[PDB]
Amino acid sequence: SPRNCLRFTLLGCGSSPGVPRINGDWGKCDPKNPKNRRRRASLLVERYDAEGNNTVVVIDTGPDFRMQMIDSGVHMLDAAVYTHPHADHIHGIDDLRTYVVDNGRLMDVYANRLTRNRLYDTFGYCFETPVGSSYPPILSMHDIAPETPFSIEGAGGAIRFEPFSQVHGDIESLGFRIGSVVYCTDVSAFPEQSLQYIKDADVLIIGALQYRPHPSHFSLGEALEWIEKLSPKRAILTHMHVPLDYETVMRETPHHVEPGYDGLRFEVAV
């Protein structure tokens, strides 16, 4: 059992369609390597105390959320934190309702105004019962914004998040620093004011979509350039699409850089 630590689980490391795509397309990925089967991008963040009590926070609830949590072996949840309101990050939100029953209280969710206002449009019934329904709401909303730290309380003690702005094509997404672990998915450029949060990480988890340029995400080469500038002790690539085969990318990257895989798990001091 984990003790006196933060524990991170890469619940999903794929691009928006997953790997393979729904049509069975593996791209250039070796279909025989289980690490190439990729769920939609999400991170589990836990804090364990000396007795093994935990605070549990998920970053994003995409379509794979239920299976991600089942496979993680972690059976409770304190909060959900959102990066941005794209389908692959939000469409599993209904599956929070089991925890609301278990906890006896609304699920605390954290989102910027852009994200919150999109969640209210898509999923209003999770916040307020509509005309003609008897389903109670399930979520309690909290604002977050770049450069404003926030803390989530729970049984293992507080987990302090440091949000910051990312450019994501035509919209903004959030990245987060949690201690000296940084999570940067769905990012095509880093604004200058965000750099303080991303430099000198023990572990930088950074999106690298594919080899070729894309308007909304770093290419592998762009992510590697950022890794060189930001000097993380270790980097883990995420949000990886079907052109990026695990073994191939492992060989192509520096020793301290690896492609992620679903279920990748590590502990750090806190």
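When you see a residue number, it is the position in the sequence shown, counting from 1.
Colleague: Mean Cα B factor from the PDB record: higher for 116-124, or higher for 91-99?
Modeller: The deposited B-factors put 116-124 ahead on the C-alpha mean.
Colleague: For the C-alpha atoms alone, is the average B factor greater in 177-185 or in 196-204, going by the entry?
Modeller: Higher mean C-alpha B-factor: 196-204.
Colleague: Whose CA atom has the top B-factor in the entry, of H217, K229, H241, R40?
Modeller: Answer for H217, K229, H241, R40: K229, with the highest C-alpha B-factor.
Colleague: Comparing against every modelled residue in the chain, figure out the third that the C-alpha B-factor of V270 lands in (lowest, middle or highest).
Modeller: It falls in the top third of the chain.
Colleague: Ordered by C-alpha B-factor within the chain, which third holds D170? Give me lowest, middle or highest, please.
Modeller: CA B-factor rank for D170: highest third.
Colleague: Which third of the chain holds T9 when residues are ordered by C-alpha B factor: lowest, middle or highest?
Modeller: Its C-alpha B-factor, which the entry lists for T9, ranks in the lowest third among residues of this chain.
Colleague: Within this chain's modelled residues, let me know which third the CA B factor of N33 belongs to: lowest, middle or highest.
Modeller: Top third by C-alpha B-factor.
Colleague: Divide the modelled residues of the chain into thirds by Cα B-factor and specify which third, lowest, middle or highest, holds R160.
Modeller: Tercile = middle for this residue's CA B-factor.
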